[PDB]
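J.: Structure in structure tokens, see below.
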Amino acid sequence: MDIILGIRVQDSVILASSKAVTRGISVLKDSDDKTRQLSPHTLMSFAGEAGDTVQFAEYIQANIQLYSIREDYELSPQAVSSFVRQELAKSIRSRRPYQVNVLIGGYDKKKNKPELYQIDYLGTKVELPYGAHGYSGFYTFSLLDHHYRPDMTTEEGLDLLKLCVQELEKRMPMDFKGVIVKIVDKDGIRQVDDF
Amino acid sequence: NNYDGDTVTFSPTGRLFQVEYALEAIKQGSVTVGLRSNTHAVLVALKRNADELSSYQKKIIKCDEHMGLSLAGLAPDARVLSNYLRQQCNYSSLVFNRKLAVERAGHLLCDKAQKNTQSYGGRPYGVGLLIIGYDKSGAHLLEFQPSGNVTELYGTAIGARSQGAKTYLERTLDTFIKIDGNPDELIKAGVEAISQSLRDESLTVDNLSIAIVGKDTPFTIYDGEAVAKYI
Amino acid sequence: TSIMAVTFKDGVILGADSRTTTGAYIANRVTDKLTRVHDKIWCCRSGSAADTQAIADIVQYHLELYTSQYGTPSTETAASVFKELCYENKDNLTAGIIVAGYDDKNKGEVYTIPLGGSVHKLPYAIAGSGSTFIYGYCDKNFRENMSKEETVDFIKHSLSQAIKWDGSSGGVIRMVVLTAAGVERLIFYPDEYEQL
Amino acid sequence: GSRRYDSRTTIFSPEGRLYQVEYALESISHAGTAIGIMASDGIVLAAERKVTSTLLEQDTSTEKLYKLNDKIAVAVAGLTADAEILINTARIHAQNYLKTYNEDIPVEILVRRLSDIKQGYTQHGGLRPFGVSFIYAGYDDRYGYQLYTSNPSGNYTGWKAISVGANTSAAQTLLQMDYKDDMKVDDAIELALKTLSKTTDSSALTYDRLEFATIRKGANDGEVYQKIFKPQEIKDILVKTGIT
Amino acid sequence: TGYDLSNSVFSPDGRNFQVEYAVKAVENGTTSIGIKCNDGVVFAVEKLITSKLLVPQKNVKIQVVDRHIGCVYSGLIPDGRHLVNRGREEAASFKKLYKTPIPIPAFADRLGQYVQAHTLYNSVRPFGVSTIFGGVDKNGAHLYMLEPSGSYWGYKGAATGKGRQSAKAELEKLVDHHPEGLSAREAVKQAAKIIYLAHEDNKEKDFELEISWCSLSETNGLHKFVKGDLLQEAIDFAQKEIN
Amino acid sequence: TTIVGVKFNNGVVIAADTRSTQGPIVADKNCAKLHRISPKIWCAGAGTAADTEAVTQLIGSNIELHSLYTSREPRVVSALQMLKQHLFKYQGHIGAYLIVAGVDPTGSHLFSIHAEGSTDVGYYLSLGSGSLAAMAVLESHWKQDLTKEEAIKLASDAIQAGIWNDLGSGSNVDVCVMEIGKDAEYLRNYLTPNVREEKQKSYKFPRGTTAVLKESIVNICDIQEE
Amino acid sequence: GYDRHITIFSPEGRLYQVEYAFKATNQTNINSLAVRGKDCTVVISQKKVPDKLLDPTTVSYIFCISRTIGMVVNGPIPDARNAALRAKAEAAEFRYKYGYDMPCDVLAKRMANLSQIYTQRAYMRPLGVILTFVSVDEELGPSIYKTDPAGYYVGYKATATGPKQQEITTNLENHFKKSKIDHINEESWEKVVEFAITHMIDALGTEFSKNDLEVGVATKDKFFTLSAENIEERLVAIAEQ
Amino acid sequence: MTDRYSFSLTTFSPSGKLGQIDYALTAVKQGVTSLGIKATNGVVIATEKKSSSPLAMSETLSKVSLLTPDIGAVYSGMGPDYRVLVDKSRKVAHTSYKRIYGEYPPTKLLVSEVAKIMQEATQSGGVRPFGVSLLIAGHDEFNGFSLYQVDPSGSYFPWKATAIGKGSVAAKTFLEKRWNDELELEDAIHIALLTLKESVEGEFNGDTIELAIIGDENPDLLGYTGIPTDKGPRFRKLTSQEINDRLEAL
Amino acid sequence: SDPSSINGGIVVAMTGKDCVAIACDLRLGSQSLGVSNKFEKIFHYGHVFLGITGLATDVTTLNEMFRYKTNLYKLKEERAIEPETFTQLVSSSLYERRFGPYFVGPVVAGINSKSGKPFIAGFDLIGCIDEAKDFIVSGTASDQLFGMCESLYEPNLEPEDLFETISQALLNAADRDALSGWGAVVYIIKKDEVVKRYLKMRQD
Ligand SMILES: [Mg+2]
Ligand SMILES: [Mg+2]
Ligand SMILES: [Mg+2]
Ligand SMILES: [Mg+2]
Ligand SMILES: [Mg+2]
């Protein structure tokens with residue numbers, strides 16, 4: 001799919017993902033949720049080739065849920081991101097690689113810290129205060145570089161995110177039909193239903 | 001005794017007891033007769049029921065338009081061996097546009113049965129077969145034993161009390177071999193042969209199973225009211 | 001490369017030039033293209049040096065194992081083993097081999113195995129890039145049941161012309177004589193054959 | 001054929017017991033006693049080498065205590081060669097986990113893995129089981145200090161104090177008598193050596209017949225240190241605790 | 001004891017009892033023979049007529065391998081067929097690689113190594129046949145006989161089955177009385193006589209004679225069955241000698 | 001790369017330059033191209049450097065095991081046969097071009113091998129990008145019955161021709177002499193005709209020239225006791 | 001008592017199946033002898049053709065493994081030929097892989113290793129044969145190396161195998177105790193064969209005709225067997241002095 | 001065919017004994033005595049060349065074998081089992097170490113690999129244990145000189161000095177009285193020859209005794225010169241003459 | 001498209017008197033787009049240091065792989081791996097992927113704990129060892145680094161002088177490469193102390 005953004009503020013991680021699903025000529029859907037809850041305090045957004053994106057995301061979800069049941073324990077965001085990276089690094093030298101880029105937003109309950117990980121389809125992982133995939137970063141990073149502070153509130157993060165989306169809507173040729181925004185914090189994952 | 005635990009063990013006198021025990025399963029089986037002339041070949045089989053509510057176990061299996069057999073012993077083994085014959089008949093037709101010779105069909109059955117007598121883990125087949133057919137050298141009748149021994153005959157019988165039918169055919173040899181161009185009389189001779197192996201029970205309409213193949217006759221099986229004519 | 005084998009009264013003689021090229025560079029000017037696969041069964045190699053060496057080594061192995069079990073192989077048998085390797089692996093080989101051998105029963109025999117992996121029994125055979133220039137000469141000058149001295153002259157004159165016109169051929173003319181008397185190696189230098 | 005010579009290692013007895021597991025446990029009961037004691041500030045592993053010689057090179061010798069990683073160690077009771085096969089497999093599992101998740105393997109997960117390998121040999125394959133019982137001493141940031149044991153059946157359990165090998169009945173009673181929950185490592189060191197001293201089949205307990213190890217947070221600040229005791233260090237702790 | 005319950009087990013003697021028990025199956029079989037003549041070989045076999053219902057001349061026992069080798073055997077007939085099938089695969093692969101038809105000594109070892117392989121493991125049973133075989137190659141005629149152990153040698157004459165002792169004695173007379181050699185046509189006649197003489201050990205039932213031959217002059221080095229007039233001539237010669 | 005091999009009276013000598021390159025850039029100025037297959041069997045490699053090293057060590061390893069198995073000193077023909085059959089199998093994808101030389105109980109030997117598995121016999125051979133420059137010298141000065149001293153001289157002169165005239169070759173000459181009934185003598189940097197001249201200036205900086213944001217001690221020691 | 005049926009240890013640490021394979025070795029009732037000359041290695045073996053129907057030319061226990069290596073076998077012919085075929089295959093493969101002729105001692109070691117495997121692996125039985133390999137090795141010179149069902153092998157100055165090996169061994173021992181050298185100091189192989197036959201006659205106490213013996217000779221670059229007429233010429237020379 | 005023995009031939013008996021291992025150890029007990037002594041500057045391993053026949057050339061039978069240039073091995077028990085173990089040990093030193101790290105394995109790790117092979121013959125399907133005990137002597141840079149014993153079970157132990165086989169019990173007592181931590185290599189060789197004489201019945205000389213050392217680097221045995229870091233093998237087999245010289249000072 | 005220049009970055013290593021230095025930039029990018037300024041390319045396993053340039057997924061993968069292997073090495077050997085031994089392990093590990101290689105340019109640096117000898121080594125993507133006495137360079141500005149090192153380097157520099165030399169070599173090389181920079185780290189390594197210094201540099 002197209003635009004996926006992430007921003008780590010003081011006490012939460014915010015993931016914004018576009019709603020459009022376009023199959024060549026027509027926009028087939030304008031309410032698509034490009035995300036999966038891997039565990040109660042870990043969310044993964046995704047974008048890439050059709051079919052592979054959801055297939056990969058659900059495969060990861062199943063594996064993390066399996067771990068959660070086996071050990072009666074939630075893996076840290078760092079541990080989950082390392083598992084995901086290895087799967088993609090394994091995938092890139094396969095017969096047919098997963099063409100999927102992901103952002104992993106999680107709240108580490110042990111350290112009481114939000115964490116954002118950016119991983120591309122090659123298995124290139126980086127921990128960031130804010131991140132994106134595709135062309136999204138080209139339009140938004142100059143705004144994030146300017147306004148971002150590590151001590152921002154969730155409300156300030158959402159306001160900076162709105163400015164990013166407005167810039168995308170202005171200068172991007174494609175109509176991505178707005179974004180679904182989700183917040184990951186100590187209380188878990190919730191969706192901002194008005195954005 | 002100490003040498004009958006598996007098929008891979010000779011006895012001190014050079015016997016293979018597992019093969020001999022497989023042979024014993026045929027003797028427990030219901031009687032079936034085979035005989036031929038120069039134009040036709042006939043199978044006659046006494047079918048066995050479990051009880052009065054049950055059907056009569058089928059004894060005759062078609063392998064091709066020009067070949068088929070009757071069984072005595074373990075029926076599932078006959079299904080395996082007949083399926084193999086069907087495939088071999090079919091391979092010959094598809095690849096070589098050639099109807100499989102009955103003698104060659106016997107050689108193939110011999111070799112398939114032999115492999116089950118020389119290897120560990122397996123078991124011999126527990127069924128005897130009477131193969132009739134009409135090929136480029138006329139009518140044929142074969143007798144298959146799960147020891148691997150296949151024999152071409154004018155007539156024969158296998159199963160329980162088969163000795164009575166076999167002696168009859170040995171007497172009638174000079175008569176029934178000459179029944180050319182008369183299918184009904186050849187079947188009569190077969191029905192009369194199998195009658196020499198009956199005790200207490202007689203040939204009824206759902207008891208009797210007859211098959212025939214010949215010069216201008218595809219392998220066809222007769223059951224039910226189709227054999228009432230011969231009762 | 002210019003290679004040939006010629007049957008004659010007392011047996012067979014194999015002949016070859018000694019030039020191996022990488023493009024226009026002569027990588028080896030003293031190559032030995034006459035290869036022994038058995039005591040009195042030799043071969044001439046043309047095409048990929050890697051392929052023809054690999055094939056020859058395998059054949060020599062096969063005939064060595066044959067000899068241990070069944071005694072001396074015929075020249076036909078050797079040719080058959082060559083053919084089996086060349087035909088079955090035709091997609092991955094560039095090899096043109098002439099097989100020559102001496103039996104006491106069959107005497108001198110020559111088999112040629114071109115690119116495809118077919119076999120052709122001939123009174124004599126020519127192969128390699130230089131052979132194209134001597135089809136006319138060889139056809140006009142070959143006779144059956146020549147003497148040893150005549151056959152040496154025939155091969156010497158033939159390969160001389162092949163070398164003269166083919167840039168891929170040159171150096172010395174090597175020869176191996178196969179008769180009842182044994183195996184004789186011959187060599188002829190440029191100053192000898194160029195003046196013919 | 002071959003069936004004739006097959007012992008059938010993976011069958012139940014009429015009573016519902018696994019013959020080979022039971023006989024492997026009988027083998028382990030003749031091995032040198034190994035003891036593990038868990039305290040609030042660390043774990044102690046103590047083990048007795050089997051009737052040694054004066055010519056044995058002790059300082060380079062290892063038959064009882066093995067390092068699986070920087071956080072987890074094991075005490076062995078049974079066939080040493082069998083144990084080393086499993087130990088190497090455990091070391092690899094720990095590293096596989098570390099590579100996958102970028103975190104040290106939790107103690108129980110490693111223990112479960114080795115225990116599942118043991119279990120497999122009792123249910124399929126027709127091979128004899130491993131004649132080994134382990135005591136696992138380890139630390140992770142979820143449960144802290146942990147003691148486990150596993151045996152040839154593949155069954156594992158957690159402990160505050162435990163023994164394997166010879167005279168476990170006598171050893172376990174002695175541990176059950178003197179163990180307390182608020183105990184410290186230095187106290188546990190003394191209990192372990194006192195227990196071995198009483199249960200040993202030898203005439204006296206000396207340094208050359210012992211292997212000793214501690215897992216302490218007595219590593220400078222927020223980390224864990226493994227200490228495989230040297231022959232001289234075992235000799236000193238024997239004098240300190242008043243056994244020699 | 002128990003050494004005879006499993007194949008490939010050495011007894012305290014150094015014997016493989018399972019192979020020796022396979023020999024008992026061979027000794028129980030019908031008589032088969034082989035005669036090496038001047039430029040070829042002759043094979044003959046006793047076929048017991050169990051019943052009148054057996055079609056005469058139909059249940060052929062002697063088998064051809066390639067086009068120049070004949071094979072006959074006594075004992076378990078299916079085992080013999082299995083061995084010949086292998087022989088045919090061996091002969092085919094030899095000719096495929098080396099072009100020339102498999103020489104008889106070469107073929108002899110192919111059968112020998114295969115039969116010997118069935119004395120190496122307890123997962124297989126030894127062959128319950130002794131096989132007399134041979135033919136003409138580039139070095140002339142060869143006759144061989146191969147036992148359940150895998151043991152084989154070259155022979156001037158060979159016999160196996162129930163009437164082997166009788167046959168052997170007859171073969172030994174021919175070797176003594178003909179040091180210069182026997183002709184192919186003579187060997188066919190003699191083969192008929194020897195089977196008829198060896199039939200005294202199987203005198204209860206009557207039998208059918210089956211003969212084949214490979215000869216450089218008579219069959220061009222190809223294996224052929226003796227049929228019609230030549231077979232009847234041999235039967236007459238044989239019947240004359242027993243009376 | 002320039003590598004040569006030269007037969008002489010009682011043995012064989014191989015030589016090589018010491019420049020390894022990535023495209024037009026000199027990666028290492030003093031590279032070691034003379035590899036040991038066994039104590040008295042040495043070879044020089046051109047082409048893909050990792051392949052020449054890897055194939056040498058593999059065959060060298062198997063040659064050592066073979067020597068131990070047979071209780072015999074390794075032969076050059078064994079190294080040759082194992083190398084060519086390995087290289088042939090990989091159809092030239094292993095880019096190893098070698099000159100293999102050595103002494104063994106059979107005598108002294110000199111072979112070349114192409115990447116695709118073809119081999120060659122000779123009294124003098126040259127391989128690599130400077131092989132034409134080297135072969136020019138060898139063809140001009142080689143004769144039968146060379147002495148040890150003459151062969152070393154000829155071999156190093158052939159390498160020099162490559163050093164000076166081939167851009168792919170440079171720096172120093174390495175030589176290894178394998179004589180019958182003697183230890184093989186490896187002469188590393190036998191010639192050194194390319195020492196860099198003293199620079200016009202010292203570029204040692206004043207301390208504190210570089211701007212630093214943070215300093216910290218890196219813990220290379222293991223977790224400590226107490 | 002299944003420790004006697006397969007190759008596993010008995011309570012005494014013995015392998016009975018190996019021991020019984022040694023007993024099968026003498027089933028043919030044939031004695032063989034091998035000696036070394038200056039330039040050659042000679043091996044002689046008794047030849048017994050008990051049946052008149054046999055072709056005597058096909059009755060042999062001496063094998064030409066390679067051009068340089070010969071092998072005599074003590075044991076049943078099926079196992080003998082099994083070992084012969086394998087040895088031939090191993091020798092050919094060696095030459096192909098390593099570019100030189102397989103040495104006699106190396107082949108012996110290889111066949112010994114294969115035999116060792118049969119004593120350790122249960123599904124394979126030992127071969128009931130003793131294999132004596134002979135050659136004139138290009139490095140070691142005249143060579144005799146012998147392999148048995150236990151997987152043991154060693155080089156010999158001279159050796160003997162069969163039911164009456166001890167009588168031949170002691171006879172050979174006594175000769176080398178006199179001469180104080182490791183070989184027969186003789187130039188021609190013909191005289192080394194004459195020595196070999198003479199000392200077998202002395203040891204066994206039996207006379208031999210040309211058909212009672214079988215002789216193999218190894219020289220530099222070839223191993224060959226003697227014909228009955230070559231052996232006859234040998235026997236005539238022995239009788240004439 | 002196919003190996004249909006996919007089950008263990010070594011199993012636990014009711015008493016907890018692994019019968020086949022015990023019986024393998026019994027076969028080792030019947031074997032000829034071999035010993036090893038560690039000195040401060042070297043290790044010595046020795047055994048008797050029990051010649052099966054005087055016609056046999058016992059020099060062609062090597063009981064003491066080089067595994068790596070710095071590691072040697074000797075045995076007691078079944079010779080053929082030893083010979084194949086030596087072949088596997090030599091190969092595994094390359095495949096599982098030298099082809100990975102570009103250097104020969106340290107003594108303890110090669111011993112570990114040999115031990116693993118012997119352990120597997122004790123558990124794998126359709127095989128018996130090896131009927132040998134090995135004494136492996138070696139040197140490596142970081143561990144110095146070392147001597148290890150490896151048993152049929154796959155268990156291995158490091159020794160200052162020890163003996164295995166026929167007269168091991170008496171030999172070990174003899175070694176206990178003579179060994180100290182200040183022995184030089186020549187002292188250890190002297191003690192080795194003294195100890196070995198007790199278990200030898202017949203001839204006792206350089207032709208009937210096999211003896212090797214792990215000591216100083218032998219640049220004369222390297223086969224080439226020119227590389228300073230390569231200084232030659234530490235394993236050296238003593239000659240018949242070298243042994244006899246030390247038997248006069250006995 | 002070219003895997004070795006998608007992410008960018010550089011590593012340089014130098015020897016001095018009883019010391020070695022290894023240094024790297026901190027940039028990770030997606031071609032023209034700068035993604036991270038904290039992507040360190042130098043790792044250590046005990047006292048042996050490994051710098052890795054090239055494709056960033058392989059950099060991460062190989063670090064995890066060598067941590068894996070050196071941890072098992074240490075457990076079995078009962079000692080930390082040495083630079084010379086580790087160099088052979090890197091070479092072995094890279095060549096095992098001969099026909100499907102990791103797209104990397106590794107650099108080893110360290111001091112042998114027993115001899116005290118300074119050691120550096122470099123590799124191509126498939127395992128060929130470059131063991132230079134002076135310096136090793138790697139990455140998208142390797143040409144620039146060769147130019148800097150060849151002129152700036154002199155043998156037997158003291159630790160604090162070597163720091164200035166290697167720092168200036170890296171900084172000025174990186175400023176002539178679009179895909180390198182965004183910060184830099186320098187390790188100064190002595191036999192039993194290692195100092196890590198982050199450098200101040202232009203952020204374009
Ligand atoms: Mg090709
Ligand atoms: Mg020209
Ligand atoms: Mg066995
Ligand atoms: Mg820049
Ligand atoms: Mg910029």
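Chains: A, B, ... in order of the structure tokens. Residues: from 1 per chain. Ligands: from 1, in order shown.
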Mind checking which residues fall within 9 Å of segment 132-148 of chain C, counting only C-alpha atoms, ignoring those fewer than 6 positions away in the same chain, and posting them as a compact mmCIF listing (two decimals) with C-alpha atoms, in the first residue's frame?

T.:
```txt
# COMPACT_ATOMS: atom_id res chain seq x y z
CA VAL C 6 44.77 -42.75 -40.51
CA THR C 7 44.57 -46.55 -40.71
CA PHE C 8 47.24 -48.31 -42.76
CA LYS C 9 48.56 -51.82 -43.51
CA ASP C 10 50.26 -52.44 -40.14
CA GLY C 11 47.75 -50.51 -37.99
CA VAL C 12 46.90 -46.84 -37.36
CA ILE C 13 48.66 -43.49 -36.83
CA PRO C 123 39.32 -45.53 -42.82
CA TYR C 124 40.68 -42.14 -41.77
CA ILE C 126 40.15 -35.35 -39.81
CA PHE C 154 50.38 -38.33 -45.78
CA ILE C 155 49.74 -37.03 -42.24
CA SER C 158 48.14 -32.90 -44.57
CA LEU C 159 48.74 -31.23 -41.19
CA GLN C 161 48.72 -27.49 -45.02
CA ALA C 162 46.22 -27.29 -42.14
CA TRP C 165 46.18 -21.82 -43.47
CA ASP C 166 44.69 -22.13 -39.95
CA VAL C 177 52.04 -44.98 -34.33
```

J.: Mind checking which residues fall within 8 Å of residue 173 of chain I, counting only C-alpha atoms, ignoring those fewer than 6 positions away in the same chain, and posting them as a VMD selection string?

T.: chain I and resid 141 144 to 145 148

J.: Take the residues from that selection and put them in a file with N, CA and C atoms, as an mmCIF file, in the first residue's frame.

T.:
```cif
data_model
loop_
_atom_site.group_PDB
_atom_site.id
_atom_site.type_symbol
_atom_site.label_atom_id
_atom_site.label_comp_id
_atom_site.auth_asym_id
_atom_site.auth_seq_id
_atom_site.Cartn_x
_atom_site.Cartn_y
_atom_site.Cartn_z
ATOM 1 N N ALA I 141 33.131 5.388 0.338
ATOM 2 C CA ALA I 141 34.190 6.382 0.161
ATOM 3 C C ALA I 141 35.569 5.761 0.388
ATOM 4 N N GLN I 144 38.374 7.694 -1.419
ATOM 5 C CA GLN I 144 38.714 8.886 -0.642
ATOM 6 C C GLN I 144 39.565 8.521 0.572
ATOM 7 N N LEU I 145 39.193 7.438 1.255
ATOM 8 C CA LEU I 145 39.940 6.951 2.420
ATOM 9 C C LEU I 145 41.355 6.494 2.063
ATOM 10 N N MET I 148 43.367 9.691 1.657
ATOM 11 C CA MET I 148 43.652 10.303 2.954
ATOM 12 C C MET I 148 44.710 9.511 3.712
#
```

J.: Rounded to one decimal in Å, what is the spacing between atom CA of residue 100 of chain A and atom CA of residue 53 of chain A?

T.: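 About the pair atom CA of residue 100 of chain A and atom CA of residue 53 of chain A: they are 5.4 Å apart.
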
J.: Could I get the residue neighbourhood of ligand 3 at 7 Å, counting only C-alpha atoms and all ligand atoms, as an NGL selection string?

T.: :G and (6-7 or 118-126)

J.: When you get a sec, could you note down which chain F residues fall within 6 Å of chain I, using only C-alpha atoms, as a list in words?

T.: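 Result: residues 50, 203, 211, 212, 213, 214, 215, 216, 217, 218 and 220 of chain F.
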
J.: Using the selection just defined, write its residues with N, CA and C atoms as an mmCIF file, in the first residue's frame.

T.:
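Final file, result36.cif:
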```cif
data_model
loop_
_atom_site.group_PDB
_atom_site.id
_atom_site.type_symbol
_atom_site.label_atom_id
_atom_site.label_comp_id
_atom_site.auth_asym_id
_atom_site.auth_seq_id
_atom_site.Cartn_x
_atom_site.Cartn_y
_atom_site.Cartn_z
ATOM 1 N N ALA F 50 40.025 -14.703 -3.759
ATOM 2 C CA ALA F 50 39.395 -15.565 -2.759
ATOM 3 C C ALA F 50 39.320 -17.006 -3.243
ATOM 4 N N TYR F 203 52.592 14.980 8.047
ATOM 5 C CA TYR F 203 51.178 15.336 8.194
ATOM 6 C C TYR F 203 50.630 14.964 9.567
ATOM 7 N N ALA F 211 37.573 17.910 16.546
ATOM 8 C CA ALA F 211 36.470 18.232 17.452
ATOM 9 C C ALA F 211 35.793 16.957 17.954
ATOM 10 N N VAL F 212 35.606 16.871 19.269
ATOM 11 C CA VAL F 212 35.058 15.680 19.920
ATOM 12 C C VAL F 212 33.777 16.043 20.665
ATOM 13 N N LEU F 213 32.756 15.199 20.532
ATOM 14 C CA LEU F 213 31.481 15.391 21.228
ATOM 15 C C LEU F 213 31.450 14.655 22.565
ATOM 16 N N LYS F 214 31.839 13.381 22.551
ATOM 17 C CA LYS F 214 31.783 12.535 23.743
ATOM 18 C C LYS F 214 32.989 11.610 23.851
ATOM 19 N N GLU F 215 33.369 11.296 25.088
ATOM 20 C CA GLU F 215 34.386 10.287 25.379
ATOM 21 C C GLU F 215 33.804 9.256 26.341
ATOM 22 N N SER F 216 34.237 8.007 26.209
ATOM 23 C CA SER F 216 33.844 6.956 27.149
ATOM 24 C C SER F 216 34.784 5.756 27.070
ATOM 25 N N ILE F 217 34.927 5.055 28.193
ATOM 26 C CA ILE F 217 35.715 3.826 28.249
ATOM 27 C C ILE F 217 34.835 2.674 27.775
ATOM 28 N N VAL F 218 35.369 1.849 26.879
ATOM 29 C CA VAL F 218 34.659 0.666 26.393
ATOM 30 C C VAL F 218 35.071 -0.535 27.239
ATOM 31 N N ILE F 220 35.841 -3.994 27.493
ATOM 32 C CA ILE F 220 36.227 -5.198 26.740
ATOM 33 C C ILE F 220 36.416 -6.409 27.654
#
```

J.: So which residues of segment 75-117 of chain I fall under alpha helix (DSSP H) by DSSP, listed as JSON, numbers by chain?

T.: {"I": [75, 76, 77, 83, 84, 85, 86, 87, 88, 89, 90, 91, 92, 93, 94, 95]}

J.: Define the interface residues of chain D facing chain A as those within 12 Å, counting only C-alpha atoms, and report them as a PyMOL selection string.

T.: chain D and resi 96-109+112+141-143

J.: Can I get the residues close to ligand 1 as a PDB file with C-alpha atoms, in the first residue's frame, where close means within 8 Å and we count only C-alpha atoms and all ligand atoms?

T.:
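part11.pdb was written with the following content:
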```
ATOM      1  CA  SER C  48      37.069 -27.323 -25.126  1.00  0.00           C
ATOM      2  CA  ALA C  50      38.640 -28.667 -20.130  1.00  0.00           C
ATOM      3  CA  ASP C  51      35.866 -30.865 -21.570  1.00  0.00           C
ATOM      4  CA  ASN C  92      27.127 -29.151 -21.548  1.00  0.00           C
ATOM      5  CA  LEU C  93      30.054 -30.274 -23.742  1.00  0.00           C
ATOM      6  CA  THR C  94      32.058 -28.866 -26.643  1.00  0.00           C
TER       7      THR C  94
ATOM      8  CA  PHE F  88      35.806 -28.513 -13.822  1.00  0.00           C
ATOM      9  CA  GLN F  91      32.464 -24.801 -14.885  1.00  0.00           C
ATOM     10  CA  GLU F 116      37.530 -24.339 -16.204  1.00  0.00           C
TER      11      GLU F 116
END
```

J.: Kindly provide, as an MDAnalysis selection string, the residues of chain H having any atom no farther than 10 Å from an atom of chain I, counting only C-alpha atoms.

T.: chainID H and resid 97:103 105:106 108:109 112 141:143

J.: Would you mind listing, for every residue of chain E within 8 Å of chain H, the two atoms forming the shortest contact and the distance between them in Å to one decimal, using only C-alpha atoms, sorted by chain and ascending residue number, as a tab-separated table?

T.:
```
residue	atom	partner	partner_atom	distance
E:121	CA	H:1	CA	6.5
E:123	CA	H:1	CA	5.9
E:124	CA	H:1	CA	6.7
```

J.: Go through chain I and flag each residue having an atom no more than 7 Å from ligand 4; for those, report the closest pair of atoms plus their distance in Å to one decimal, using only C-alpha atoms and all ligand atoms, ordered by chain and rising number, as a tab-separated table.

T.:
```
residue	atom	partner	partner_atom_place_in_ligand_line	distance
I:174	CA	ligand 4	1 (Mg)	5.0
I:175	CA	ligand 4	1 (Mg)	4.1
I:176	CA	ligand 4	1 (Mg)	5.8
I:177	CA	ligand 4	1 (Mg)	4.7
I:178	CA	ligand 4	1 (Mg)	4.5
I:179	CA	ligand 4	1 (Mg)	6.0
I:180	CA	ligand 4	1 (Mg)	4.9
I:181	CA	ligand 4	1 (Mg)	4.7
I:204	CA	ligand 4	1 (Mg)	6.0
```
